[PDB]
Structure formats: structure tokens, C-alpha cells
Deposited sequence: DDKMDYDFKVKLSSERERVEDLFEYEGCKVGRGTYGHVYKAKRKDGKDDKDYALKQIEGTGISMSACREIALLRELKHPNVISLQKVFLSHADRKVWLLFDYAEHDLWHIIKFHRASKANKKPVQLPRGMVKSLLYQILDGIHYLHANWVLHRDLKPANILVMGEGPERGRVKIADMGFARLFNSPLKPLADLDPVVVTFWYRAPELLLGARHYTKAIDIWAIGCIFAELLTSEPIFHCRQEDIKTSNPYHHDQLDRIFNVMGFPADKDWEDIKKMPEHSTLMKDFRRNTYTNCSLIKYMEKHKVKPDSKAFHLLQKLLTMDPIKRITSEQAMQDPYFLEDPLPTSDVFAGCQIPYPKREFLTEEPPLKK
């Protein structure tokens, strides 16, 4: 630029921290999605020997998505929510890099390890995971921050290191235009499928209910094969677990946009034998346990009758032996493998 000060431009150029100079991450790509690219990284100017995560954001410039992610992570600080450590802006290629502490594990990979093995574990690990998840979402909700995309894959867990066995919530769905769902269906609340125009705290809590069922059974509770928000098969699967909701169960269901569609497609008679009690009984979970009664409150059909994260944390489940621990693994050896390195091509 001619009308930008040359001395100001070269001084800032002399002083700028460039990501390629500071970290080693070549050939250490560990994630690739809509979000862009994620690399496991070590620091070159070696003050510490910690592993870090480097997110290069999809596209260029400052997207509204990128902007809200930066704006919010810049303020949010809590042990159960992933921390932004630094932000590198690369002017030449117009790419944005974010620095986080590295989490070796997550619930997708962890639960898939139990699925694999058991097909051929520490007490309070399920309880601890649930508590720390509820603590993390509570922090966000209290700051009027919704997640909007909560699933096992974005519930990370720290490997060996000083924060051993701590949950780190990540990939918060920052930027949905007009806070709208309409602009895997397994974790989505029945209101979303019936056409709800906006995301809510209650929608986040349903997803936690689904993750809790999944930690207990090693099975996605609303598993379902494979536009507008109405999805027939996903509703059928919910009704196979929960049963079909009565008027007394969900008074405002009439107010949903896809209620006429539901009535047209579904009959109460079909699901008369079904209930969460029987589903959990079939997956070897006791219905008179405090574990079950909390799950039942998280997976309530009517969103206004779903308990808050605050009250879930207050459940006497978390006062029953075994207690939650800060280290989910409770000092026991981590049997889960380290992450796998991906390619550029």
C-alpha cells in the first residue's frame, strides 16, 4: 500500500511471529474437515516440551465463522473448555492459525476402542466424563454461549501430561446465521427434527443425554442409517427407544412446524411397547439406579421439561460412590492409542 506508512509496515514485519518459524508440524496433520486442518505440533524455540494443536482455518480472509470463533475463545476460560493460546495471521496466504494445548483422546475414539475390544472400564470414569462435560457446557450457557454441535468427536480428553484425564470441550459451532438450524442426525433433539427455527440450551442438553447413553452402552442410543429439518427415520428411532409422546408429555408439540407431518406419518399404537427403561434394561443398565434417573431427565422429549446443566451437576448420582475425579482415568494406565497422522493428498 502507498498510503500505509512504510516504516510502520516494515517494523511490524520485522516483529511478526510467523507460525512456520515457531512450531514444528510438518507431516503431523491429525484432523481434516469443514473446519480446515489440524496438526499436532512441538515448539522450536524450546522453552517447554509440551504438545500443541494448530488449526489452520478453511478458506481465507476473516470469515464470520472465524471471527466469532476468535472473538469468543478469546474471552472463554474454563478447565473443561479448550483454551486458545495464540492466534497467527499470515498476510501473504491470508490464512488464520489458532494455537491450542494438545488433547490425545476423545469420546468417539475412546468409545470405538471399547466397542472393538468388548466385541472379541475404571469405576467412575463414565460419571467423571459426564460431570466434566456438564461443568463445561454450564460455563458456556452461563455466558449465553451455546455449543450447537455437541457429539463424542468434539468432547476431547487430555492424554499423559499435567492435565491427565481432563475433559476439553471443543469445536463449538460458532456462527450459525440468525442462530438458525435451517441455514449424523443421531445427537439432534426432537424439536430440531420437528422444525425448530432456533438453537437453545435445551438442545445442547439432549446431546449430552445421547452421549451419556452411549458411554453406558458403547452404542449410539439413536443410531440410524445414513435439506429441510424433518427426518422420518431418525424420529422413528427415537420413538423406538423413548415411545411416542403423549399430549401430557409435550403440550407445545402442536406449536412445532412439522407436527402435521408427524401426525400424517406416525401412529401411537406402533410404539406402545417401547420405553427408555426397557431399552436400557436390554443394554444391561439398571432402571432403579441414579445413573438411569438422571439420563431420563436429560433425554426428556419436551424441551421446557429438560433439566439444565446446573441441576444435572446437582444430581445425587454425583454424591453416590464412586465420586467423579478430575482425572477421568483415576491414575490407571491409558490403554487408548495415540492419534494417527494423515496426508496432504
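Gaps without C-alpha coordinates occur at 121-125, 189-198, 242-246, 366-370, with positions taken along the deposited sequence from 1.
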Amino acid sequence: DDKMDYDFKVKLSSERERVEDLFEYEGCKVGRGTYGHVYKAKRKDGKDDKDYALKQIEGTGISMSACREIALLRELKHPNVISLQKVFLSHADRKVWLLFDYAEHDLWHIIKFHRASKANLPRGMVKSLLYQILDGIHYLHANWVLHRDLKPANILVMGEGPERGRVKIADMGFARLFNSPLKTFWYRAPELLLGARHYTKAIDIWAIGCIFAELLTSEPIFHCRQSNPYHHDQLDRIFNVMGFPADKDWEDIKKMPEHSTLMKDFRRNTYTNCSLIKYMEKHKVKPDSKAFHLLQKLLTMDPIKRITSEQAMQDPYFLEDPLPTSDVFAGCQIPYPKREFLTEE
From here on, numbers count along this sequence of modelled residues.
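Note that the rigid core is defined as the largest set of C-alphas that superpose within 1.5 Å between two forms.
Each structure in 9 other deposited structures of this protein is fitted to the shown form on the rigid core, and of 121-129 and 250-258 the C-alphas lie farther away on average for 121-129. Superposing each structure in 9 other deposited structures of this protein on the rigid core shows that the farther-lying of 314-322 and 45-53, by root-mean-square Cα distance, is 45-53. For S90, the record comparison shows coordinates present in all the other entries of this protein that model its neighbours, with no third of them leaving it out. Among other deposited entries of this protein with both flanking residues present, at least a third omit coordinates for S227. Across the two stretches, 63-71 and 42-50, the PDB entry reports the greater mean Cα temperature factor for 42-50. Averaged over Cα atoms, the B-factor as recorded in the entry is higher for 265-273 than for the other of 265-273 and 202-210. The entry assigns its greatest Cα B factor, within the set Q132, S83, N154, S180, to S180. Of all the options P220, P190, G243, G124, the entry's greatest CA B-factor is assigned to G124. When the modelled residues of the chain are ordered by C-alpha B-factor, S260 sits in the middle third. For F174, the recorded CA temperature factor ranks within the highest third of the chain's modelled residues. Ranked by C-alpha B-factor against the other modelled residues of its chain, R148 falls in the lowest third.
Compared with the other modelled residues of the chain, the Cα B-factor recorded for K297 ranks in the lowest third. Among all modelled residues in this chain, the alpha-carbon of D315 has a temperature factor (C-alpha) in the lowest third.
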